[PDB]
Amino acid sequence: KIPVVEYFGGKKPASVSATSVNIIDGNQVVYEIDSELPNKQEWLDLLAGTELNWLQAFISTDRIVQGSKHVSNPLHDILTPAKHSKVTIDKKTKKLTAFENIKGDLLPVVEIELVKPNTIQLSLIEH
Amino acid sequence: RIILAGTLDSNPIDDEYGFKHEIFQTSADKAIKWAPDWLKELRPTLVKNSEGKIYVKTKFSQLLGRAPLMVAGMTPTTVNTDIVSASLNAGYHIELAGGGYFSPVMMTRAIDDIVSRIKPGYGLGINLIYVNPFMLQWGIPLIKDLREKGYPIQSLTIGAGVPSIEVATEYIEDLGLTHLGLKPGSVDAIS
Amino acid sequence: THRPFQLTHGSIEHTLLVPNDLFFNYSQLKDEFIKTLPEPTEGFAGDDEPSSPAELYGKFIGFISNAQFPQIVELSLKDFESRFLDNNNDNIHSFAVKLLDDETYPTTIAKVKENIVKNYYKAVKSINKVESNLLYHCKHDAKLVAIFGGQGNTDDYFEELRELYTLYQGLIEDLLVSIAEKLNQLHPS
Amino acid sequence: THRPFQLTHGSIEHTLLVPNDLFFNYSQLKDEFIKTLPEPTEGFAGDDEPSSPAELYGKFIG
């Protein structure tokens, strides 16, 4: 009967229903930002979701471990809301992909995936 | 929530008990003032992580990401790096006491040893004495420098007194800590 | 064919649309108002001096409640509900505490009571069933219970009865009369 | 059942008849108006400060 969670700690996962997210369902749920931007913390909480998983950890936690040093999470600054930006999150694999406008075309710039059972790959794409 | 149906007046400063207006209040949102139930709001529950380890779910345990048991900073006992590193490696919050340190160089050397000996990602708490101005004067800059350098100083504890609001907010905003520990000794310090 | 009818007390000023035919009644009632009104003072600190247009119009309603113009009192009450209670989303008590909290028109609890609640319940003749927020939550999640006190709470307990009589004559007159008759019957024993 | 609704900026003053039901909407919009309106000045020399009732009501519309 003990509740089972992936990890225990940090801020409790939050359910955020905000504007400028334009959530649409599918194989990868897509959040799209219009001209007006949402709150940064609300946007990050929405991307993290209500389920304690690896992506919830990798977005929600405000620190990462570089060797033996606690450094600020760069994912907050990377995923900060942007005008005309899209973000697709897979329901099953929990893979995140951030799309931004380049030369008038929507192209991916951030991929976050689980390559191995305990390794998270964050890939910054330059076109 | 107690509502005094016998008297009509503006709600108290703390909003602790209602007045006659609350019984007749009508609004589109239909919101009403509630009161907290400490038991159901603060039951010490249990949570199991994916690795099977079981923790006592609580506010403190959530904040620390660890069990709700800590070792408070002791000037003879927790000054030494061995006990601090051992407690952190065992997985319980502990405070390195600055009572047995007198220079930023000595304190930084001790923190370096602790960081090198603990597991990656394990924070460190630091305990300072408010009655001692010298230790704070050379320690607060040290904590700020170590934090902006990226050290795992997870928290700072102030014992033998509580700082004022203006010093406290400086500690919160400048040092970049996860949480600030304070040790009141009386209801005035609790206030 | 309405007309603008204005009541003022110092900086206080409330204007309402009133029927042209009944404007004469409104004017005479206004004159009797400003006769009974204490002289305006800076800050409106006078106990009977209104501190807001809502207070002034409530006092107008309270005055006209006793007159040969029940249609005047009814339409004035309707206008007060429309402007101030905002077509009845908030009760008069909620409006009273909202004014006591409002800083633009500073007032006292006694001023708010006498100038709004007493007059509103003097002029209102029928109260429609309303489901409060508390009673709404009672049906789903709130558990409402009642406690009645005893003696020793206050050394001038009768003052509360006088306040209740003054504020709510039209609501408890029958109960008070019946109880007083029973007490008159019993106490000679 | 209309009602008198007035907007002012110093000596500026424009009153309009409005439905009583929507008077609440007009009042809140007026409050937001006088929040966004600078402090009145003699001569109404402020660049966005209206100088006539027509200017004030046009700004209300805007």
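The sequence lines fix the lettering, A, B, ..., with proteins before strands; numbering per chain opens at 1.
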Derivation and outcome, side chain to side chain contact (heavy atoms under 4.5 Å, CB included), residues C:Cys138 and C:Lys143: CA-CA 6 Å; C:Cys138 274; C:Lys143 279 168 110 60; over 6 Å; no
Nearest heavy atoms of B:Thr75 and B:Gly99, plus distance in Å: CG2-CA, 3.7 Å
side-chain contact (heavy atoms from CB on, under 4.5 Å) involving B:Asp37 - partner list, sequence neighbours excluded: B:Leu39, B:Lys40
Can you run down the ring-ring contact (aromatic ring centres under 6.0 Å, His included) pairs that involve residues 80-100 of chain B, sequence neighbours left out, and say none if there aren't any? B:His93-B:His179
When you look at B:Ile94 and B:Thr78, which way does the side chain to side chain contact (heavy atoms under 4.5 Å, CB included) test go after all the steps? CA-CA 8 Å; B:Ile94 180 154; B:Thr78 63; 4.0 Å; yes
Please give me the minimum heavy-atom distance between B:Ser87 and B:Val71, naming the atom from each residue. OG-CG2, 4.4 Å
Going from CD1 on B:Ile153 to CG on B:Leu96, what distance comes out if it is rounded to the nearest 0.5 angstrom? 8.0 Å
As a quick check of understanding, evaluate side chain to side chain donor-acceptor pair (under 3.5 Å) for B:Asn11 and B:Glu22, giving each step before the final call. CA-CA 9 Å; B:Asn11 249 329; B:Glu22 289 192 22; 2.6 Å; yes
Where the side chain of B:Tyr122 meets the backbone of B:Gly91, is there a donor-acceptor pair that is under 3.5 Å apart? no
I need the A:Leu75 CG to A:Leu55 CG distance, nearest 0.5 Å. 8.5 Å
Please tell me whether B:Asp29 and B:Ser27 have a donor and an acceptor in their side chains that are separated by less than 3.5 angstrom. yes
Taking the six-membered ring of B:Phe60, is the NZ or CZ of B:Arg66 close enough (under 6.0 Å from the centre) and on axis enough (within 45°)? no
Side chain to side chain, A:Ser60 and A:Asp45, heavy atoms closer than 4.5 Å: no
Nearest 0.5 angstrom please: B:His21 NE2 to B:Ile3 CD1, how far? 9.5 Å
Do A:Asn27 and A:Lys91 touch side chain to side chain, with heavy atoms closer than 4.5 Å? no
Measuring from atom CG of A:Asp105 to atom CD1 of A:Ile102, what distance do you get when rounded to the nearest 0.5 angstrom? 9.0 Å
Classify the angle between the aromatic ring planes of C:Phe95 and C:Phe84 as parallel (below 30°), tilted (30 to 60°) or perpendicular (above 60°). tilted
Residues 105-118 of chain B side chain polar contacts: donor-acceptor under 3.5 Å, at least two apart:
residue: B:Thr108; atom: OG1; partner: B:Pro104; partner atom: O; Å: 2.4
residue: B:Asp112; atom: OD1; partner: B:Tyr151; partner atom: OH; Å: 2.5
residue: B:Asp113; atom: OD2; partner: B:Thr81; partner atom: OG1; Å: 2.8
residue: B:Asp113; atom: OD2; partner: B:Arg117; partner atom: NH2; Å: 3.2
residue: B:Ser116; atom: OG; partner: B:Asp113; partner atom: O; Å: 2.9
residue: B:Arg117; atom: NH1; partner: B:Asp82; partner atom: OD1; Å: 2.5
residue: B:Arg117; atom: NH1; partner: B:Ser85; partner atom: OG; Å: 3.4
residue: B:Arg117; atom: NH2; partner: B:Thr81; partner atom: OG1; Å: 3.1
residue: B:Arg117; atom: NH2; partner: B:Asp82; partner atom: OD1; Å: 3.4

Set of side-chain contact (heavy atoms from CB on, under 4.5 Å) partners for A:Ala57, sequence neighbours left out: A:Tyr7, A:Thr61
Salt-bridge test for B:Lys149 and B:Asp145: reply yes if a basic N is under 4.0 Å from a carboxylate O, no otherwise. yes
Test your reading of the model: is there a side-chain donor-acceptor pair from A:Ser20 to the backbone of A:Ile33, 3.5 Å cut-off? no
Show me the pairs that pass side chain to side chain donor-acceptor pair (under 3.5 Å) and involve residues 158-175 of chain B, at least two apart or across chains. B:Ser164-B:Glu166
Keeping A:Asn73 on the side-chain end and A:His76 on the backbone end, is there a donor-acceptor pair under 3.5 Å? no
Could you pull out the closest heavy-atom pair between D:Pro38 and D:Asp48, with the gap in Å? CG-OD1, 3.0 Å
SB check A:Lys11 A:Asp62 (cutoff 4.0 Å): no
Measure from the side-chain N and O atoms of C:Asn91 to the backbone N and O of C:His93, and report whether any donor-acceptor pair falls under 3.5 Å. no
Checking the side chain of B:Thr58 only, and the main-chain atoms of B:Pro44 only, is there a donor and an acceptor separated by less than 3.5 Å? no
Given side chain to side chain contact (heavy atoms under 4.5 Å, CB included), test B:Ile83 with B:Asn80 step by step and report yes or no. CA-CA 6 Å; B:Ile83 192 171; B:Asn80 87 75; 3.2 Å; yes
Pair listing, side chain to side chain donor-acceptor pair (under 3.5 Å) test, anchored in residues 43-54 of chain B, at least two apart: B:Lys53-B:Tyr55
Table please: side-chain donor-acceptor pairs of residues 126-144 of chain B below 3.5 Å, with sequence neighbours left out.
residue: B:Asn132; atom: OD1; partner: B:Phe134; partner atom: N; Å: 3.4
residue: B:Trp138; atom: NE1; partner: B:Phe102; partner atom: O; Å: 3.2

For B:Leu46, which residues count as a side-chain contact (heavy atoms from CB on, under 4.5 Å) partner, sequence neighbours excluded? A:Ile2, B:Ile54, B:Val56
Quick check against the 3.5 Å criterion: does A:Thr80 have a side-chain atom that pairs as donor or acceptor with the backbone of A:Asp77? no
For A:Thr93, the side-chain hydrogen bond (donor to acceptor under 3.5 Å, both in side chains) test, sequence neighbours excluded, returns A:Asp90
What is the distance from atom CG of D:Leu56 to atom NE2 of D:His9, rounded to the nearest 0.5 Å? 8.0 Å
At what distance, to the nearest 0.5 angstrom, does OG of C:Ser94 lie from NZ of B:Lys20? 13.0 Å
Compare all side-chain heavy atoms of B:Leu64 with those of B:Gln154 and state whether any distance is below 4.5 angstrom. yes
Going by side-chain hydrogen bond (donor to acceptor under 3.5 Å, both in side chains), name the residues that satisfy it together with A:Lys95, two or more places apart in sequence or in a different chain. A:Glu113
Heavy-atom closest contact (D:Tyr57 atom, D:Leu7 atom, distance): CD1-CD1, 4.1 Å
Under 3.5 Å, side-chain donor or acceptor atoms of residues 114-127 of chain A against the rest of the protein: list the pairs with distances, not counting sequence neighbours.
residue: A:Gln121; atom: NE2; partner: A:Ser123; partner atom: OG; Å: 3.4
residue: A:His127; atom: NE2; partner: A:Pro108; partner atom: O; Å: 2.5

Short N-O contact, A:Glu36 and A:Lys83, less than 4.0 angstrom: no
Those residues at least two apart in sequence (or on a different chain) that pass side-chain contact (heavy atoms from CB on, under 4.5 Å) with A:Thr88 are A:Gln28, A:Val30, A:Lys86, A:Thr97, A:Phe99
Of all heavy-atom pairs between A:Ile64 and A:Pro74, which one has the smallest distance, and what is that distance? CD1-CD, 3.5 Å
C:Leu134 and B:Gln25: side chain to side chain contact (heavy atoms under 4.5 Å, CB included), yes or no, with the steps? CA-CA 7 Å; C:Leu134 183 60; B:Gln25 193 101 244; over 6 Å; no
Closest non-hydrogen atom pair, A:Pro38 against A:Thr19: CB-O, 3.4 Å
Are there more than 12 heavy atoms of other residues, nucleotides or ligands under 6.0 Å from atom NZ of B:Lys183? no
